[PDB]
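None of the figures in this text is laboratory data; all of them are computed from the coordinates on show. Here the Cβ is made from the backbone with ideal geometry for all residues, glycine too, and neighbour counts use every protein chain on show.
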Amino acid sequence: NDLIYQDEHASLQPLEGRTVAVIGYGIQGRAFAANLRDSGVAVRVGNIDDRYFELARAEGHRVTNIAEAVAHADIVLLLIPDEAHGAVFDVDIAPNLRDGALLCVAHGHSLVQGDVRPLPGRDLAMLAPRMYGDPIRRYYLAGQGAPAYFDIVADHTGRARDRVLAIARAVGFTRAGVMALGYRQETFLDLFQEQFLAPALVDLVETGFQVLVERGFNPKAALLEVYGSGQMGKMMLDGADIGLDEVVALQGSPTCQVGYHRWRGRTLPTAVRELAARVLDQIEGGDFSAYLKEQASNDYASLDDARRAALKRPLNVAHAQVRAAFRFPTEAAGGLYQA
Amino acid sequence: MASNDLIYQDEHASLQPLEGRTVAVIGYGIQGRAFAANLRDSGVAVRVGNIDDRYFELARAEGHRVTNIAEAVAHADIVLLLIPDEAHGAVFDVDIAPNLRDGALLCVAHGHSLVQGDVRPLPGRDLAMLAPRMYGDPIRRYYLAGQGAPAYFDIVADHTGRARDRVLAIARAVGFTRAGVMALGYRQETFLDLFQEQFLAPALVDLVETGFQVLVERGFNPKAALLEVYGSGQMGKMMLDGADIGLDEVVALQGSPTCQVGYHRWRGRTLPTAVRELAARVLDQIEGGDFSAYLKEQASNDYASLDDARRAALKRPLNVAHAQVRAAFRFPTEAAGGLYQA
Ligand SMILES: NC(=O)c1ccc[n+]([C@@H]2O[C@H](COP(=O)([O-])OP(=O)(O)OC[C@H]3O[C@@H](n4cnc5c(N)ncnc54)[C@H](O)[C@@H]3O)[C@@H](O)[C@H]2O)c1
Ligand SMILES: NC(=O)c1ccc[n+]([C@@H]2O[C@H](COP(=O)([O-])OP(=O)(O)OC[C@H]3O[C@@H](n4cnc5c(N)ncnc54)[C@H](O)[C@@H]3O)[C@@H](O)[C@H]2O)c1
Ligand SMILES: O=C(O)/C=C(\O)C(=O)O
Ligand SMILES: O=C(O)/C=C(\O)C(=O)O
Ligand SMILES: [Mg+2]
Ligand SMILES: [Mg+2]
Ligand SMILES: [Mg+2]
Ligand SMILES: [Mg+2]
């Protein structure tokens, strides 16, 4: 049965007098470091020589190379790209991790692949948020949080669980709920969302756009309806609260509800479920992991080509025209991660 | 051609056309309540026309002048018909057409009743569409934050010669010009809107549900499966942030390199030709009147079949798991009480 920890099941007491080293200052690192500091936890940043080092300095952190950050830490959070874990673990972290220190990863992939391993005399855990950095930070400032999964991999001290959950409470995840989930299951589940569901959702939106344009509809209007208006995003985000079918029952005109229920459960051929299973097979059997290791070559050169090509697609050419023509509601983001 | 679009923002509209004029909001539902609240807060005289149901009493509780539909229309310079589309014909013929003042403007928020001839131009009066691209709660939240949602508009009949500026004055008062109000024919709006509702929304939910089903079959924790496919809010946040910056751009900005490599392995490759073929079949049903005939049947005995569909949907594994997850994990929400009070 599920172990789910909220604020009533965790406290900041395990962090009293302890220093947390945030290794990395990217999407997750910057949010962890800002929320730890604002929760009254002693925090320092370990980072390589790049723009993120200078950003952490600009945002008032104590910033050093990774080895020095680890040497001064009771708890180490490894918040860099998963393919970089092995080399940073072997050279910078393992030689410097204090006796009884806790190392946490935010994704199980390096644990599954054996690139991060238990060390005699130390604790090892996963604390894997189910959300990206900007919302984790916005939620934090509003007294809210995003869910996370956790796993205690090695517990020399016997205190790893309460220390991991104290980090979770300091960063805000216990405000939603932190659920026990094995690091191997987290790895495969996370990769499936990234490789099947996210591309399929965008491909579906793009298909709607392409069919409307082919059938003679105004391209700006087509782009707005399939996502650009924010209606489809709002339906999916409100759906997280109340349920997706319930959003239609509450917010749809009767015309909309009759239309939706004419095709609900009937839109997809078997090829979609079949492809989902094929993607999960690639994830569970190591095919994706071998692909990722290849792709990390030349600092992800192939991904650079894919990112640049995607911007040239009709959907993204139309996006730029629609976004220049219609003002989208935005909140100022400058200084979001300052104290 | 991109260059040919007519898009109106705040710089292209004003409230001057509404000076001394009363707007009758007919209906107080998802759209009606947002229009009435925003018109009032924009300093526009507004009254509500509504049948004898809970929405009449809600409009009273929220401080409006509320009467039957005929009386609201008889006292109005501008009439906004914000009731379900299948009810337009009977309300138009009995309650609106006999009471619409000489030179008055009637607006609909969807082209369907215009396509079907259930709402028609009247000698001496103006007729228009102002069709929001968002539901009521966000229209209201955006309004209070100095923001708005897009809308499409069409001037169908313009006896006065003033219909365009009066429609755009309503749009400015309700907030749509803060985003942009684009000229689009009522027939095109009808088919485009119905396509989003009948192909895209069900396909997105069907896809989320497919992800959930496959994970549960393959032995994944059902709460975790539900959270990842939408329950965490991550997929909704990605699609809503995507509206701002682009969907591929959200992944480039907010994805780990692991996530981006995974996404681009399958981007543009996940769907078989059968999906675009079904989209074309749905559009054929919409363009040729098949959906309109289905809607007229379904409206029978106050949408009894829709009641059966709504209740059956809640029993699907996805929605059983939703209730378990939502009880176990706190989702960030804003207090909504009094959102539509002055
Ligand atoms: N992006 C998310 O929302 C998210 C959510 C949950 C979990 N995760 C996990 O969090 C971890 C961090 O991911 P992210 O998305 O924040 O990454 P990111 O791409 O934002 O990481 C950038 C950071 O990594 C550092 N870095 C990059 N390459 C490095 C290398 N070779 N050696 C040392 N440092 C290097 C940079 O200096 C910078 O501090 C990963 O394990 C990822 O799977 C990410
Ligand atoms: N729901 C949306 O977000 C949305 C967005 C844009 C356009 N629209 C359009 O706005 C209009 C109103 O839709 P809605 O979603 O607000 O509807 P709704 O289901 O919320 O409408 C309920 C309202 O309609 C009234 N009503 C219901 N049946 C009636 C009848 N037979 N006679 C008279 N009044 C009746 C009720 O008293 C109440 O005031 C429609 O033309 C719809 O297509 C809806
Ligand atoms: O655009 C919307 O949000 C909703 C509709 O068009 C509807 O419910 O009919
Ligand atoms: O969960 C997320 O938001 C993002 C990831 O898992 C990722 O970028 O790897
Ligand atoms: Mg993830
Ligand atoms: Mg509609
Ligand atoms: Mg619509
Ligand atoms: Mg991930």
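Which of B:302, B:158, B:290 comes first, and how do the rest follow, when ranked by fewest Cβ neighbours within 10 Å? Can you show the working numbers first?
Details: B:302 8, B:158 17, B:290 13.
Result, fewest neighbours first: B:302, B:290, B:158.
What does the average come to when, for each residue of peptide A:269-282, you count the partner chain Cβ atoms lying within 10 Å of its Cβ?
5
Please figure out what share of the DSSP beta bridges in the range B:57-213 is antiparallel and state it in percent, rounded to the nearest 5. Can you show the working numbers first?
On the way: 7 of 18 bridges.
Once the DSSP bridges in the range B:57-213 are tallied, antiparallel ones form about 40 percent.
For the range B:208-259, what Kirkwood radius comes out of the mean inverse Cα-Cα distance, in Å? Each step should come with its number before you reach the end.
Details: mean 1/r = 0.0836 Å⁻¹.
For the range B:208-259, inverting the mean 1/r across all distinct Cα pairs yields 12.0 Å.
Check cross-link reach from residue A:220 to the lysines: straight Cα distance under 25 Å, and skip same-chain residues fewer than eight apart.
Reachable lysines: A:234, A:312, B:237.
Could you work out the per residue convex hull volume over the alpha carbons of chain A, in cubic angstrom?
Numbers: hull volume 58.0 nm³, N = 339.
Taking only Cα atoms, chain A has a hull volume of 171 Å³ per residue.
Report the local net charge at residue A:142: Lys and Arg +1, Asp and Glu -1, summed over other residues whose C-beta lies under 12 Å from its C-beta.
On the way: positive: A:137, A:138, A:175; negative: A:331, B:334.
With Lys, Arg at +1 and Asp, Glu at -1, the net is +1.
Using only the Cα atoms of the range A:215-318, what are the Rg and Dmax in Å?
Taking only Cα atoms of the range A:215-318, I get Rg and Dmax of 19.0, 54 Å.
Over all residues in A:214-222, what is the mean tally of Cβ atoms on other chains that come within 10 Å of each residue's Cβ?
6
Treat the range A:262-311 as a sphere of radius equal to its Kirkwood radius over Cα pairs and apply Stokes-Einstein at 10 °C in a medium of 1.306 mPa s; give the translational diffusion coefficient in µm²/s, rounded to a whole number.
Translational diffusion coefficient: 118 µm²/s.
For residue B:92, what charge total do you get from the other residues with a beta carbon under 14 Å from its beta carbon, if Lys and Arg give +1 and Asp and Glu give -1?
Net charge around residue B:92: -3.
Could you size up the charge dipole of the protein assembly as shown around its Cα centre, putting +1 on the beta carbon of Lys and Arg and -1 on that of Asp and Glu, and report it in debye to the nearest 20?
700
By count of other Cβ within 10 Å, fewest leading, how are A:291, B:230 ordered?
Sorted ascending by nearby Cβ count, the order is A:291, B:230.
Run the dipole for the range A:14-157 about the Cα centre, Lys and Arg Cβ at +1, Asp and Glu Cβ at -1, nothing else charged, and hand back the magnitude in debye, nearest 20.
440
To the nearest 20 debye, what is the magnitude of the charge dipole of chain B about its Cα centre, counting +1 on the Cβ of each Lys and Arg and -1 on the Cβ of each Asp and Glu?
900
For the range A:1-95, state what percent of all Cα-Cα pairs lands in each successive 10 Å bin, counting from 0 Å until the bin that includes the largest distance.
Per 10 Å bin, starting at zero, the Cα-Cα P(r) for the range A:1-95 comes out as 16, 47, 27, 10, 1 percent.
Relative contact order of the range A:138-217: what whole-number percent is it, with Cα pairs under 8 angstrom and at least 6 residues apart?
Values: 53 pairs, mean separation 25.8, N = 80.
Relative contact order for the range A:138-217 comes out at 32 percent.
I'm a student and want to see the number: the projected area of the Cα convex hull of the range A:116-170, averaged over all directions, in nm².
4.1
Quick one: helix A:297-311 against the long Cα principal axis of chain A, what's the angle to the nearest 10°, folded into 0 to 90?
For A:297-311 against chain A, the angle is about 30 degrees.
Which net charge results when you count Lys and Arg as +1 and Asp and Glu as -1 among the other residues whose beta-carbon is under 9 Å from that of residue A:228?
Charge balance near residue A:228 sits at +2.
Using Cα-only point scatterers and the Debye equation, what is log10 of I(q)/I(0) for the protein assembly as shown at each q in 0.09 Å⁻¹, rounded to two decimals?
Reported log10 I(q)/I(0), two decimals: -0.79.
Using Cα atoms only, what is the angle between the long axis of helix A:27-38 and the major principal axis of chain A, expressed in degrees (0 to 90) to the nearest 10?
Rounded to the nearest ten degrees, it is 60.
Summing -39500 (n - 2.57) over the DSSP H runs of n ≥ 4 in the protein assembly as shown and dividing by its residue number, what mean residue ellipticity at 222 nm do you reach, to the nearest 500 deg cm²/dmol?
It comes out at -14500 deg cm²/dmol, rounded to the nearest 500.
Under the definition of Cα pairs under 8 Å and six or more residues apart, what whole-number percent is the relative contact order of chain A?
16
Helix A:183-192 versus the longest principal axis of chain A: what angle, 0 to 90°, nearest 10, using Cα atoms?
30
Averaged over peptide B:166-179, how many Cβ atoms belonging to another chain are found within 10 Å of each residue's Cβ?
Rounded to a whole number, the mean comes out at 1.
Just the projected area, averaged over all directions, of the convex hull on the alpha carbon atoms of the range A:53-192: how many nm²?
Projected over every direction and averaged, the Cα hull of the range A:53-192 covers 8.4 nm².
For Cα pairs less than 8 Å apart in space and 6+ apart in sequence, what is the mean separation divided by the residue count of the range A:1-105, i.e. the relative contact order in percent?
The value is 28 percent.
For residue B:277 and residue B:21, FRET efficiency with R0 = 56 Å and r from the beta-carbon atoms, rounded to 0.05? Write out the running numbers ahead of the final one.
Details: r = 50 Å, r/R0 = 0.89.
Efficiency, rounded to the nearest 0.05: 0.70.
Looking only at B:269, B:164, B:311, which one moves most when chain B is put into a Gaussian network model with springs between Cα atoms under 10 Å?
B:269
Considering only the protein assembly as shown, what is the antiparallel percent among its DSSP beta bridges, to the nearest 5?
In the protein assembly as shown, approximately 30 percent of DSSP beta bridges are antiparallel ones.
When ranked by the protection proxy of mean other Cβ atoms within 10 Å per residue, highest first, what sequence do the peptides A:189-196, B:187-194 form?
For the peptides A:189-196, B:187-194, the packing ranking is A:189-196, B:187-194.
When chain A is treated as a GNM, springs tying every alpha-carbon pair under 10 Å, which of A:125, A:101, A:271 comes out with the largest mean-square fluctuation?
Among A:125, A:101, A:271, the largest mean-square fluctuation in the Gaussian network model of chain A belongs to A:271.
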